[PDB]
Each structure stands twice: as C-alpha cells, then as structure tokens.
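Report on the structure given below.
Counting neighbours? That spans all protein chains shown, and the Cβs are built from the backbone with ideal geometry, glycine included. Rule-based calculations on the coordinates, nothing more; no lab input.
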Amino acid sequence: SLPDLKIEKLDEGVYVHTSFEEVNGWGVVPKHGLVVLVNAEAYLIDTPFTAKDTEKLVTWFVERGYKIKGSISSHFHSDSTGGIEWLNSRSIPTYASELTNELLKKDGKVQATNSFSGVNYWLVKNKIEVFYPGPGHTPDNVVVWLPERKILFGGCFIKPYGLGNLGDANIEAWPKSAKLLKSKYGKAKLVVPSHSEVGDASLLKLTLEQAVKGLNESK
Ligand SMILES: Cc1ccc(-c2cn(-c3cccc(CP(=O)(O)O)c3)nn2)cc1
Ligand SMILES: Cc1ccc(-c2cn(-c3cccc(CP(=O)(O)O)c3)nn2)cc1
Ligand SMILES: [Zn+2]
Ligand SMILES: [Zn+2]
C-alpha cells in the first residue's frame, strides 16, 4: 500500500505536494511537485501520479478559498502529467511545452490543452516562469521559477546523487543543459527535486557533476 498525498507549506504562497506509487522492482517511490498561490488563485507545478490524488490536491486548495487557475507539467513522464486527463475533464487549464505534448501524444497519453515553446515562458508574468535548459533527464524537461521567492522546481532534472532512469535521457546534452541551468539560477534560495529533499543552489552544482559523471561512465 501507498502513503497518503502530503501537502506541506514550504514558503509564503508555496506548497510542496508529495504523492507516491508502486513501481515494479523499486517498490513505493515518492514524487514532489508544488502548488503556487497567486493572490486568490492556485497553480499546480506538476500533478500527482493519478487522477485521484490530483483531485485531492485540487480539492484541498479549493476548500481553502483558492480557485485552481492552471497546471503546468515539467516533462512528459507520468510523475508530472498523470492528472492532466482529470484536470482537462474539469476544464482546468493545463500547460506543457510543445515538446512535452508531442511525447504525450506519442505514448497515447492525454495532452495539455495549452502549450508553450522556447527557452523562457511566463505562465504568470513576474510570478511563475518556465525555463528550458536543454535536453537532460528527458528531451522536453523544463524547470519552473518563482522569482519573488527565488524557488526553482527542478523536477526529474535535479539529480544530485545519481541520474535516475536513463531510458529517455540525453546523456551527451545533460552537462550542457545542467551548466546552463546552474548559470541561470545560481541565486536560487530553494531548489526542489522530484525525488529527493529540497535543498539550496548547490543541488545545481551536484546535478551538473552527476551528468558529467554519467557521460564519463558511458565510455
Ligand atoms: C533513496 C531513493 C531511491 C530511489 C528513489 C526513486 C525511484 N523512483 C522511480 C523509479 C522508477 C520509476 C519511477 C517513476 P518516474 O520515472 O519518476 O516517472 C520512479 N523515484 N524515486 C527515491 C529515493
Ligand atoms: C541521497 C539521495 C539518494 C537518491 C536520490 C534519487 C534517486 N532518484 C531516482 C532514481 C531512479 C529513478 C528515479 C525516477 P526518474 O529518474 O525521475 O525517472 C529517481 N532520484 N534521486 C537522491 C538523493
Ligand atoms: Zn521523468
Ligand atoms: Zn521522475
């Protein structure tokens, strides 16, 4: 069996949601995402694994006075996109990069209703920024930046002690992409990985070291 969805406040207007699922061979695994409050409204940064936990997530904030304005997925794997079907069925706007949407369609998965492209996209100007560092954990992976808090949600790109599942990874590009990410957000106060503890900007340096190391290993 699986632990309940957890929601804990991380900072002002910023929550970490952790959901869990059973994976063959691994057992129970965790996945972190964020909910960001913009005034009277809430944005999901990644959905939980399932429809059912996305609804519990959504409900928790609706019940506390926050309309769900939208939801953005950092990449196509179902630890970021599992709730997109449910959200869409509720007319809650979902966002993903054009690259993410291709990879969802290609796997027979429901796509985000809205898409964006390129390096920098404002989901909410001056409050929620999406950045594309280049291929790494997946071809499509992006990170989300909360400039008012200097909080970076890094998703499954942020891999300080081992790169994780390499099946969709781009090992030759990841050092590049990690270097760009480090240069751009070295002033982050908090960096939030998908599968490990929140840390500071040093997670950016360790991820770059890991990607280099992974690229060295493959030879
Ligand atoms: C100490 C420790 C050891 C392992 C992990 C871990 C393994 N995870 C995992 C493994 C296989 C598949 C998936 C599903 P995804 O690829 O994320 O869509 C997730 N997820 N977290 C965490 C902490
Ligand atoms: C101290 C410590 C120990 C372990 C970790 C850790 C394990 N991670 C992991 C391993 C295998 C699979 C996956 C899922 P994904 O790559 O997203 O497909 C994630 N990710 N971080 C971090 C810190
Ligand atoms: Zn992934
Ligand atoms: Zn993952």
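Things worth noting here:
- Qualifying positions in the stretch 165-191 - small (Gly, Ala, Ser) and either surrounded by fewer than 17 Cβ atoms within 10 Å (Cβ to Cβ) or more than 16 Å from ligand 2 (Cβ to nearest atom) (or both): 167, 173, 183, 186, 188
- Restricting the stretch 202-219 to residues that are away from ligand 4 (no atom under 16 Å from the Cβ) and within 24 Å of residue 118 (Cβ to Cβ), the residue that is surrounded by the most Cβ atoms within 10 Å (Cβ to Cβ): 204
- Assessment of the stretch 154-162 against the conditions (more than 26 Å from residue 213 (Cα to Cα) and among the β-branched types (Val, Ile, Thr)) yields no matching residue.
- Failed criterion for residue 152 (all others in (1) over 15 Å from residue 140 (Cα atoms); (2) touching a residue at least 24 places away in the same chain (Cβ under 8 Å); (3) assigned to a loop (DSSP other than H, G, I, E, B) hold): (3)
- Count of residues meeting criterion [of a type outside the set (S, T, N, Q), more than 16 Å from ligand 3 (Cβ to nearest atom) and in a helix (DSSP H, G or I)] in the stretch 167-207: 11
- Among residues of the stretch 27-54 being outside any strand (DSSP E or B) and not charged (D, E, K, R), the one that is nearest to the chain's Cα centre (by Cα) is 47.
- Filter result for the condition that a residue is part of a helix (DSSP H, G or I), within 16 Å of ligand 2 (Cβ to nearest atom) and closer than 25 Å to residue 15 by Cβ, over 100, 138: 100
- Filtered residues of the stretch 77-97 (kept if more than 13 Å from residue 107 (Cβ to Cβ) and part of a loop (DSSP other than H, G, I, E, B)): 83, 90, 91, 92, 93
- Residues of the stretch 11-26 that are buried (at least 17 other Cβ atoms within 10 Å of the Cβ), more than 16 Å from the chain's Cα centre (by Cα) and within 16 Å of ligand 3 (Cβ to nearest atom): 21 alone.
- Boolean, residue 160 is within 16 Å of ligand 1 (Cβ to nearest atom) and either under 17 Å from the mean Cα position of the chain (by Cα) or of a type outside the set (A, V, I, L, M, F, W, C) (or both): yes
- Checklist (1) part of a helix (DSSP H, G or I); (2) buried (at least 17 other Cβ atoms within 10 Å of the Cβ); (3) among the hydroxyl-bearing types (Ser, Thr, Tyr) applied to residue 59, failing item: (2)
- Within the stretch 55-88, the residues that satisfy the criterion of being over 25 Å from residue 125 (Cα atoms) and of a type outside the set (A, V, I, L, M, F, W, C) are 55, 56, 59, 63, 77, 78, 79, 82, 85.
- Number of the condition not met by residue 42 [criteria: (1) small (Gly, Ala, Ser); (2) within 13 Å of ligand 2 (Cβ to nearest atom); (3) touching a strand residue (DSSP E or B) at 6+ places or on another chain (Cβ under 9 Å)]: (2)
- Pairing each residue of the stretch 26-46 that is touching a residue at least 60 places away in the same chain (Cβ under 8 Å) with any residue that is among the polar types (S, T, N, Q) and part of a strand (DSSP E or B), provided the two are 6+ apart or on different chains, yields C-beta distances under 6 Å for 30/18; 31/19; 32/18.
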